[PDB]
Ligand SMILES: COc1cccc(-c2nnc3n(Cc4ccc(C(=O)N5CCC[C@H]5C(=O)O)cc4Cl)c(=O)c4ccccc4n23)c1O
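Read the single chain below, which is given as structure tokens and is the form deposited without the named molecule.
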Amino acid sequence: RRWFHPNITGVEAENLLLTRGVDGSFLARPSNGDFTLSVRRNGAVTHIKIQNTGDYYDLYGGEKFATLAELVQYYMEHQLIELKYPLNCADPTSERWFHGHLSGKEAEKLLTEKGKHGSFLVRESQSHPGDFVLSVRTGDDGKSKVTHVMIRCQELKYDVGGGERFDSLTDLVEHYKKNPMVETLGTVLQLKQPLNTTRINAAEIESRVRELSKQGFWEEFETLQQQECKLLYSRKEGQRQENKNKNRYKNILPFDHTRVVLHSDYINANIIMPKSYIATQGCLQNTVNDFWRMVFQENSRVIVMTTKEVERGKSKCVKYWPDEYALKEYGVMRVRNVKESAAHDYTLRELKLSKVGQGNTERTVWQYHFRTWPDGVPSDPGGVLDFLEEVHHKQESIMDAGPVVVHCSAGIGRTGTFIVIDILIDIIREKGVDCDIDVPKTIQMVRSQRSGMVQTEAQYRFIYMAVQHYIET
């Protein structure tokens, strides 16, 4: 994902494409959640705007995508003008192993307290300015050790004192991950995993929120984004001709290996397993019956709607339930709206779902429709937390209840935010504040089951704020 330049300006982008790029070279850069796709063509540099308010990436005049990597992969194969040569960035800021300003004793303390065999980091050198240090832990009292390797910078190239000279710290790390250094007496300096400094004890959430607010939220979030290229899983079923009109957006698709299979078998939906979840899109008129088939088949008893039916005049979640006290059939599924109850932040609809001709199949489905999410993110997490707390208790009170359905819009943004908050709060509810939480890792685990779960930095920070607020109360 080297084609994304985090700290690049617009003038710097045009200069990079014109001096170190050729026609068809491209890069992406932040703006502000506005983004810019700068492409070189016919000796010129055209700029294309990409907007993400929290639901999806919207390319001006293009299509809508779940991740910039999926956007770039799409146009490097299909419709825009020409994306041929990604211009790679040498900035290590977004790497999981780069820590820039970091003391050598603090780095030894980190690797000792939180590291394992093969855990490593790269930092700016304590003494010799402009150089870097690669600190790596190895071993299984005295059974393990921390080894430091000086990384010199000479003529914009990097080396470990001998051998190849690398154009960037990343090339050096990748090289020495595949060909690890061997010490004199046999010790192999294997670079297995970056040091996990994002996993924190739950009681220390407020301290970390203070550090990240000094921002640090941005640096951690774009480090999470840099790894999305590892989540380009297969999405073939949602591209077949018969399933194109079942997707709200043609290029926001469910991963084949986690999608819900209807027993046609397609719906834009994925099972999220950390209580499990079904993350899906807002209904279309032609998928309402498939939605209810899914709810019935998976034995789901709770539904979370993340958006209003309409926001800013645009349909975000098509109505798929009957009016209060009414009864309606959706294909072979029959649904009665038994009762609606109005809270401040949401509406609760008690629905009874059954298959036609089989009254024995009847079950109650509790529909929780959140309605006070702004047209960015909420400034107070209390409403969302109280909402999820009630949702969790309803789910826990129903024996053998299936996965919780969370949906609306494209089903990746607010949907991923609610689900990740619910996963994290679930750990603290059962195990108290004396437990480990890891917000980036939890999101990456969920993004490997549906594309682009959690869309924006504002949602990423809101997840932290929600977890902090829950732990305080």
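From 1 onward, residues are counted along the sequence shown.
Heads up, the form solved in complex with the named molecule isn't pictured, but that's what we're talking about next.
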property	result
Non-hydrogen atom contact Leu83 with the named molecule in the entry with it bound at 4.5 angstroms	no
Proximity of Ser119 to the named molecule in the entry with it bound, heavy atoms at 4.5 Å	no
Contact test in the entry with it bound: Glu242 vs the named molecule, heavy atoms, 4.5 Å	no
4.5 angstroms heavy atom contact with the named molecule in the entry with it bound for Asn179	no
Partner-facing stretch of 251 to 259, 335 to 343, 350 to 358, 157 to 165, counted where any non-hydrogen atom is within 4.5 angstroms of the named molecule in the entry with it bound	251 to 259
In the entry with it bound, the one of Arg137, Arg293, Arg235, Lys316 near the named molecule [non-hydrogen atom within 4.5 angstroms]	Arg235
Position in contact with the named molecule when the complex is considered in the entry with it bound, options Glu206, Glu77, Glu106, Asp323, heavy atoms within 4.5 Å	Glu77
